[PDB]
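Next up is one chain by itself, shown in structure tokens, the form solved without this ligand.
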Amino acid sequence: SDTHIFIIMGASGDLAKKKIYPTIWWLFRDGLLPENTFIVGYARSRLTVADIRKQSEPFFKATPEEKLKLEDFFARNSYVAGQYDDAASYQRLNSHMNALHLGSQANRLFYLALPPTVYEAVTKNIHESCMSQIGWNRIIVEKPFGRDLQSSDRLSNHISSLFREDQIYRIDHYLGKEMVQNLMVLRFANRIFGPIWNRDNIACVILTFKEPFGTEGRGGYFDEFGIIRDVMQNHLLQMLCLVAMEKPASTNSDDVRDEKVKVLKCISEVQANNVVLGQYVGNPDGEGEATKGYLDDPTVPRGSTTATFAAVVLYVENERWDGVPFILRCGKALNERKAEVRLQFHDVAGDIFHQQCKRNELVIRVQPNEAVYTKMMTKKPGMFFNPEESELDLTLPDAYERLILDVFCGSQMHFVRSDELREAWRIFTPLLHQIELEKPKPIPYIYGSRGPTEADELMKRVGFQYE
């Protein structure tokens, strides 16, 4: 009922023209946005609503059955052209929002779709100029959240000196929020999976994020960060927190983020002997991009040791998880697109089935298709006591639509906190400093393969049984 404003900062960027404008399209088309919602794209280059429409519609997946809606949404939008570090431009933007139907009373939601190098200014000029004194103000901030503990600490200190945690929404583009809630209901609403979610029963946890494509085109941007900062420090660590957290006092966002930050506090810094770093190389037998390696892109500087694959073993050192490995295995240009949580359970204490039993597994897959199944063992039909392994299933805006919708709803559970991000960077900072100090060479692996075999050796070493 309350009027809302959606201010897309840096609306001329690729992220705005390809992923955010289509997302608010899909939210308004499905009737999920509040009825009184305005979309104010603000950027430097001078554009109009017609220009935004022309440059963004290809990604709208538009259909002729709903072109009428394609007008209404675009009658709800507006554009402001101004520099990111000019107070007059932000004054014009604030006046423009005020020059709307109940714009002063509206709840303002700033989606920062602009390079992080100018977050410091953009988050600053917002506070004095474009804030709302009646409705709430919320900023959505995109990664990179710095690159070290120090850089992230200074950026977070700036944003927290200006805004509060109730106004900061650090977004994770790879968080399903549907398999996350599936995890929470599975392990917290059920006594089947309650007592077994600890050291005594779980042997290892595997947290996977594989991509079948390399770093085509935008390989230079990936070079300065690496796969640990790109996927592992932020996403896989949040998945680890969700897997390993204790039951919160309630389903409140703060009560869940407290458990997650506690899990992060129980994790120590990463040692280089628990890390396998790999880099993908061209595949002579490939067809398309598979024949070109990471260093074959003309945008990647020569002799770059940036890892496109990482397998890292972590240990949550508390009463529930002491000694249980957490293998974060992420990679680009791998064989498949996969993102899942895998728990092997220990072998049953005392085998009366003649070593025919395999470790039970609980798999919560998020990509490509969501699923929740258990690999247990059932009696093989026949005349005999010989068990056989069976996979038993235990289980629609996509992940990104439901994440922008959380910022509207104020559900800040699935966004990383400031102390949470601080612990996340504390865990990985010494290892990253060592990596870009000594400059070790990552293991080369073929495009489309499963990654370096040293990763498999490391998982086997830490206690992972593969059939």
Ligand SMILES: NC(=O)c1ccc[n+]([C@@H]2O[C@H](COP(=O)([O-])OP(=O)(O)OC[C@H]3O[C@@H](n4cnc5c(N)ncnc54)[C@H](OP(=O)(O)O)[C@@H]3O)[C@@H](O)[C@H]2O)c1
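All residue numbers refer to positions in the sequence shown, first residue = 1.
This protein has a second form, the form deposited with this ligand bound, left out of what is shown; the following refers to that one.
Exactly one listed residue, out of 345, 174, 193, 163, brings a non-hydrogen atom to within 4.5 Å of this ligand in the entry with it bound: 174. Out of the listed residues 92, 143, 320, 359, 143 is the one that sits within 4.5 Å of this ligand in the entry with it bound by at least one heavy atom.
The candidate site formed by 22, 24 and 58 is entirely out of contact with this ligand in the entry with it bound, as no residue has a non-hydrogen atom within 4.5 angstroms of it. At the 4.5 Å threshold, heavy atoms of residue 106 stay clear of this ligand in the entry with it bound, well away from it. Proximity of residue 115 to this ligand in the entry with it bound: non-hydrogen atoms within 4.5 Å are present. Proximity of residue 43 to this ligand in the entry with it bound: non-hydrogen atoms within 4.5 Å are present. Although the partner is absent from this view, residue 221 contacts this ligand in the entry with it bound, with a non-hydrogen atom inside 4.5 angstroms. Annotated contact segment (heavy atom within 4.5 Å of this ligand in the entry with it bound): 115-123, selected among 115-123, 196-204, 272-280, 150-158.
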